[PDB]
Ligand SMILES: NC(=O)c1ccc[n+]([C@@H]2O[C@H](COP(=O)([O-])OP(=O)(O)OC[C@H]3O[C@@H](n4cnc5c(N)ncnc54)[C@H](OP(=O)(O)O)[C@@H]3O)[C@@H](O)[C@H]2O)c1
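Take a look at this single chain, the form solved without this ligand, given in structure tokens.
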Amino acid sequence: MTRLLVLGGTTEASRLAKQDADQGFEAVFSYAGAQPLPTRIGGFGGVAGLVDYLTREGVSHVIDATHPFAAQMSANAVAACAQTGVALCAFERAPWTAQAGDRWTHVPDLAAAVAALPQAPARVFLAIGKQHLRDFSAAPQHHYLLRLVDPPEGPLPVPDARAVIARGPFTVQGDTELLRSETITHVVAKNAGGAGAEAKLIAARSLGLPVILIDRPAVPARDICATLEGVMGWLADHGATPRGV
């Protein structure tokens, strides 16, 4: 009978994990690099790799609730599950939709984001965390602003840079103050994030400022579950059951 693997790295996953435990499913949870489920922390050694693991563990269903800018995992699951005949929903929160007063532009990747900043010097919230910040040195004439969950640990990759320290979950109040005091002119964001990720967008709207929005990476087709309720429905439809059935 049933045995689920949940690929995590998101709060949607964390929330899915509490359900599965609570309802008494047999499920393992998978970080790369606590949860209320047994937890596996490595990677799998590419595709198959995963196939080997899906086989030896006797996994019936996989839920890819990984981050949405973490595509190589998500696609590896697709292959491994396709080649293995193991079911697979993907629990992704639906990407953000613009609305009156937003002033958004869209770009494929980080590279395109850097290319879309203006010539004239600007003051630019890089709400990317995190990594590949290095890439914006390509436009050095801007005053950038960063939010890192850590201390810098070494200097700042970009010339005119001010960091700050990101506790979370962020809040419209906070993010608006932050942007206003820092006289931010543009925001750069990925189209992803749980928690109070959307606060910065709202604050940008409050102050009438543009966002450059990095669209999610391309990933092969797979059943998509946009909520928890759906995921659990999907699980029922595909014959999954808690302990005891």
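Start at 1 with the first residue shown and count on from there.
FYI, the form solved in complex with this ligand isn't displayed, but the following is about it.
Q: From the candidate stretches 114-122, 69-77, 99-107, 82-90, select the single one in contact with this ligand in the bound PDB entry, where contact means a heavy atom within 4.5 Å.
A: It is 69-77 that comes within 4.5 Å of the partner.
Q: Evaluate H61 for contact with this ligand in the bound PDB entry, applying a 4.5 angstroms cut-off between non-hydrogen atoms, and reply yes or no.
A: Answer no; every heavy atom of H61 is more than 4.5 Å from this ligand in the bound PDB entry.
Q: Taking this ligand as it sits in the bound PDB entry, is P157 near enough to touch it, meaning that at least one heavy atom pair lies within 4.5 angstroms?
A: Because no heavy atom of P157 falls inside 4.5 Å of this ligand in the bound PDB entry, the answer is no.
Q: Is the gap between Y31 and this ligand in the bound PDB entry 4.5 Å or less for some heavy atom pair?
A: It does: once this ligand is placed as it appears in the bound PDB entry, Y31 has a heavy atom within 4.5 Å of it.
Q: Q131 near this ligand in the bound PDB entry, any heavy atom under 4.5 Å?
A: It does: once this ligand is placed as it appears in the bound PDB entry, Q131 has a heavy atom within 4.5 Å of it.
Q: Ok, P36, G208, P220, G42: which has a heavy atom sitting within 4.5 Å of this ligand in the bound PDB entry?
A: So the residue touching this ligand in the bound PDB entry, by this definition, is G42.
Q: Within 165-201, which residues come within 4.5 Å of this ligand in the bound PDB entry, counting heavy atoms only?
A: Result: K190, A192.
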